[PDB]
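Trainee: Got a structure for you, written out below as structure tokens; questions coming shortly.
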Amino acid sequence: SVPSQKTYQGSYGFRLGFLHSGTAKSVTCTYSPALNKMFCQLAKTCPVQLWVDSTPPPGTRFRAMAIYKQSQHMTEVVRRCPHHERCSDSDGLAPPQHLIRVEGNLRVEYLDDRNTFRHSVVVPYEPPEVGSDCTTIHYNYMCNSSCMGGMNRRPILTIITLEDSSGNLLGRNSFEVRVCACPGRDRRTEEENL
Ligand SMILES: [Zn+2]
């Protein structure tokens with residue numbers, strides 16, 4: 001039981017885009033093109049852009065789900081550590097076990113899969129303003145990569161699926177995530193190896 005991570009642009013040319021924030025110490029979120037990897041801080045805004053070549057149907061939704069990047073951990077459900085699950089950081093919408101939240105959207109929906117037990121967060125797709133190129137969603141990651149009892153220093157991927165009103169697959173993309181105290185420093189360091 002592991003969700004597919006195969007990239008699939010689909011009929012609407014579904015792609016992800018990210019801000020070009022750089023690696024100065026003050027950045028709270030930064031994306032590495034070379035590593036296809038997002039470096040972000042705990043509970044801080046994480047902008048992800050949805051790009052499409054054609055506007056998807058009314059009722060289209062997009063879903064985010066985390067899985068472990070390493071094959072020997074892939075079947076394990078990614079969830080918050082007991083400490084953070086018990087933290088008083090609720091937004092009144094997200095379940096306490098869920099790693100990924102959506103910020104600033106009251107139509108957000110959260111799922112515990114009854115069969116796979118996977119967590120995911122789903123949101124109604126809205127097309128960009130006519131003068132805009134893409135739709136920006138603000139995610140929050142509610143555990144650090146280094147959380148004891150949670151991700152436990154294990155790398156994760158976030159999978160974003162585009163789906164129709166019936167939940168049929170329309171598109172898929174993914175990116176690796178590290179949730180850390182110093183995204184800029186950590187990105188610059190990880191790219192040093194290239
Ligand atoms: Zn944690």
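For the structure tokens, the naming scheme is as follows: chains receive sequential letters (A, B, ...) according to their order of presentation, residues are indexed from 1 within each chain, and ligands are indexed from 1 in presentation order.
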Among the residues of stretch 19-132 of chain A, find those DSSP assigns to strand (DSSP E or B) from the backbone and print them as a ChimeraX atom specification.
Mentor: /A:29-32,37-40,46-51,61-68,100-103,109-112,119-124
Trainee: Once you have the residues from the selection above, write them out as a compact mmCIF listing (two decimals), in the first residue's frame, restricted to C-alpha atoms.
Mentor:
# COMPACT_ATOMS: atom_id res chain seq x y z
CA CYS A 29 10.83 28.93 2.77
CA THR A 30 13.01 28.13 -0.26
CA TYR A 31 12.79 25.67 -3.16
CA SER A 32 15.70 23.88 -4.86
CA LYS A 37 13.24 19.97 -2.88
CA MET A 38 11.40 22.40 -0.67
CA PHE A 39 13.11 23.68 2.48
CA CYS A 40 10.69 25.26 4.94
CA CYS A 46 4.88 27.44 2.29
CA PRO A 47 3.69 28.77 -1.08
CA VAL A 48 3.08 26.22 -3.83
CA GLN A 49 1.83 27.28 -7.25
CA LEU A 50 -0.56 25.25 -9.38
CA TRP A 51 0.01 25.86 -13.11
CA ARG A 61 -10.04 19.61 -6.26
CA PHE A 62 -6.34 19.30 -5.43
CA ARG A 63 -4.96 17.05 -2.70
CA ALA A 64 -1.63 16.96 -0.82
CA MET A 65 -0.25 13.82 0.83
CA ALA A 66 3.15 13.04 2.34
CA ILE A 67 5.04 9.76 1.95
CA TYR A 68 8.51 8.66 3.06
CA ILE A 100 0.30 18.95 6.21
CA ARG A 101 -2.19 21.81 6.75
CA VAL A 102 -3.62 24.42 4.42
CA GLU A 103 -3.43 28.02 5.57
CA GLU A 109 -11.00 19.31 3.85
CA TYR A 110 -8.95 16.64 5.64
CA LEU A 111 -9.06 12.88 5.14
CA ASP A 112 -7.95 9.84 7.12
CA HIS A 119 -3.60 11.43 5.78
CA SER A 120 -4.33 14.03 3.11
CA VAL A 121 -5.65 17.54 2.74
CA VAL A 122 -7.88 18.57 -0.15
CA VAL A 123 -9.00 21.98 -1.42
CA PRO A 124 -11.43 23.22 -4.14
Trainee: Given a cut-off of 12 Å, what residues near ligand 1 show up using only C-alpha atoms and all ligand atoms, put as a ChimeraX atom specification?
Mentor: /A:42-43,78-87,89,96-100,141-153,179-180
Trainee: For residue A:161, which residue among A:140, A:54, A:7, A:132 is the nearest when counting only C-alpha atoms?
Mentor: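 So, comparing all the options, the nearest one is A:7.
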Trainee: To one decimal place in Å, what is the distance between atom CA of residue A:162 and atom CA of residue A:2?
Mentor: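 These two atoms are separated by 17.8 Å.
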Trainee: Step one, run DSSP on the backbone; step two, keep only residues of stretch 38-140 of chain A assigned to helix (DSSP H, G or I); then write them as a PyMOL selection string.
Mentor: chain A and resi 82-85
Trainee: Can you spit out the residues from that selection as a PDB file, in the first residue's frame, using N, CA, C and O atoms?
Mentor:
ATOM      1  N   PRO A  82       4.214  12.323  18.560  1.00  0.00           N
ATOM      2  CA  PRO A  82       3.273  12.447  19.680  1.00  0.00           C
ATOM      3  C   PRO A  82       3.311  13.832  20.318  1.00  0.00           C
ATOM      4  O   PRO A  82       2.257  14.354  20.664  1.00  0.00           O
ATOM      5  N   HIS A  83       4.502  14.415  20.448  1.00  0.00           N
ATOM      6  CA  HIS A  83       4.656  15.757  21.011  1.00  0.00           C
ATOM      7  C   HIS A  83       3.845  16.811  20.265  1.00  0.00           C
ATOM      8  O   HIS A  83       3.128  17.607  20.867  1.00  0.00           O
ATOM      9  N   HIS A  84       3.986  16.836  18.948  1.00  0.00           N
ATOM     10  CA  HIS A  84       3.295  17.834  18.145  1.00  0.00           C
ATOM     11  C   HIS A  84       1.820  17.499  18.002  1.00  0.00           C
ATOM     12  O   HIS A  84       0.986  18.389  17.884  1.00  0.00           O
ATOM     13  N   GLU A  85       1.494  16.215  18.029  1.00  0.00           N
ATOM     14  CA  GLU A  85       0.097  15.802  17.950  1.00  0.00           C
ATOM     15  C   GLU A  85      -0.660  16.309  19.180  1.00  0.00           C
ATOM     16  O   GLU A  85      -1.850  16.631  19.113  1.00  0.00           O
TER      17      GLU A  85
END
Trainee: Using only C-alpha atoms, which protein or nucleic acid residues come within 12 Å of residue A:192? Drop anything in the same chain fewer than 5 positions from it, and give the result as a count of residues only.
Mentor: 6
Trainee: Between atom CA of residue A:173 and atom CA of residue A:72, what is the distance in Å, rounded to a tenth?
Mentor: 21.7 Å
Trainee: Any idea what's packed within 7 Å of residue A:14, counting only C-alpha atoms, ignoring anything in its chain fewer than 2 positions away? Could you give it as a PDB file with C-alpha atoms, in the first residue's frame?
Mentor:
ATOM      1  CA  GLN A   9       0.599  16.497 -16.271  1.00  0.00           C
ATOM      2  CA  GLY A  10      -2.640  15.151 -17.729  1.00  0.00           C
ATOM      3  CA  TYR A  12      -4.847  20.247 -18.336  1.00  0.00           C
ATOM      4  CA  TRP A  51       0.015  25.858 -13.115  1.00  0.00           C
ATOM      5  CA  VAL A  52      -2.285  24.549 -15.856  1.00  0.00           C
ATOM      6  CA  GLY A 171      -2.853  15.158 -12.726  1.00  0.00           C
TER       7      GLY A 171
END
Trainee: Rounded to one decimal place, report the atom CA of residue A:174-atom CA of residue A:105 distance in Å.
Mentor: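 Those two atoms sit 21.5 Å apart.
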Trainee: Using only C-alpha atoms, which of A:36, A:21, A:41, A:11 sits nearest residue A:158?
Mentor: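 Looking at the shortest contact to residue A:158, the residue is A:36.
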Trainee: Which residue out of A:57, A:106, A:130, A:69 has the minimum interatomic distance to residue A:170 when only C-alpha atoms are used?
Mentor: A:57
Trainee: Using only C-alpha atoms, which of A:60, A:189, A:26, A:55 sits nearest residue A:169?
Mentor: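 The closest residue to residue A:169 is A:60.
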